[PDB]
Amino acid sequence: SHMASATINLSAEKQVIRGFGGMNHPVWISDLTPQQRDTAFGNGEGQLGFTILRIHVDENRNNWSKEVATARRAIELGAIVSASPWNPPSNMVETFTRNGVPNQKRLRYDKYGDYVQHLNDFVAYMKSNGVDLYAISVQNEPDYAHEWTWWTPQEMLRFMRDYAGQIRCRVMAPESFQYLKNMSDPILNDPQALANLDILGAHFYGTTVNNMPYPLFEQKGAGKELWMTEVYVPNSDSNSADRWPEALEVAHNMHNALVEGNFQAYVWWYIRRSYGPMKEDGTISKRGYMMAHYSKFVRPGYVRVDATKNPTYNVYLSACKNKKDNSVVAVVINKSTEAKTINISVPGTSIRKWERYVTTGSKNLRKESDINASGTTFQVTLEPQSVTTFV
């Protein structure tokens, strides 16, 4: 009557979750402190439970040592590390005019081999320092490189087809600023380039929900991972990270990445920033608690399953299964100003009790009363303007 229904189908397995996290950049900003590394990558009370660290590949190898402390610590705490370059070493770059704008940067065509060696050198250096990179990217935002190095779709294709097989690591590409398919379609449509791809990386700046599905990747991307490797939402406004109900957009963007995009990873920009998941004082922001609803509970290796995604207006549901014991983690967002009651059917489960943690404008991951199932149905109530994780 006033009650919507949802079904979680534990037998309809979607993508395996790789993880959640954010960026460290100890050259552009201050490195994470030891305390901040634990807060980010630990999963104790008051910690974010991140499992992915993104770092940059500096054009100047003399900066590489600055990455090590944080990356080692992340790995020790159970995270994986991916690395993205913004520019090649300046001796490999040339200028050109793009769309009438002069003095734009690209990798010299005669330096693609030397660029592979630069990337391989970084991989080797980090490995020598106890940082076995999960992946390394060809280029950060090759299609939004006003302030860095541009690659056209065909330049990226040439590198992926003719060079990237020499990289001694998983290769990530193309990290389009907005997941523009023109950057990635040529890779997926060329068998050698596709063979040399390991992770399709994408950013989400201005990416609408209708542009989150990718039919070509569904068709040709078997064995390749799909990662959303950078965003901040809904803005990078100074001191915005505790704004409420604005922060609910973070949860909604993550729900969309997972359910509308089938993404296996979701990685914020700077971990510690006034608009990020960790505030400058080292404590978790409202935006951070939005991330934590997923990161603390949907651990690497869980598998997303089919679940009614939008059971009623302003309510969004995702579900992931732990294949070790077929338990489920459900993250449910209520953006409504009204409370919502959902009958969530989980056919075939032997689970009969969920614990729940709730964030609103006035509390953070507050543990609330357990939900006891009637048979295989869990009736939940969602406070106005809230996110709840059921576990």
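For every residue, the number given is its place in the sequence shown, counted from 1.
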What stretch has the higher average Cα B-factor here, 244-252 or 281-289?
281-289
State which stretch shows the higher mean Cα B factor in the entry: 213-221 or 149-157.
213-221
Looking at 301, 261, 191, 206, which has the biggest Cα B factor in the entry?
191
If you compare 99, 196, 314, 104, which has the highest Cα B-factor in the entry?
99
Chain-relative CA temperature factor third for residue 133
middle
Once the chain's modelled residues are ordered by C-alpha B factor and cut into thirds, is residue 373 in the lowest, middle or highest one?
highest
Per the entry's values, where does residue 121 land by CA temperature factor relative to the rest of its chain, in the lowest, middle or highest third?
highest
Using the B-factor values recorded in the entry, state whether the Cα atom of residue 11 falls in the lowest, middle or highest third among the modelled residues of its chain.
middle
Third of the chain's Cα B-factor distribution that residue 344 belongs to, per the entry
middle
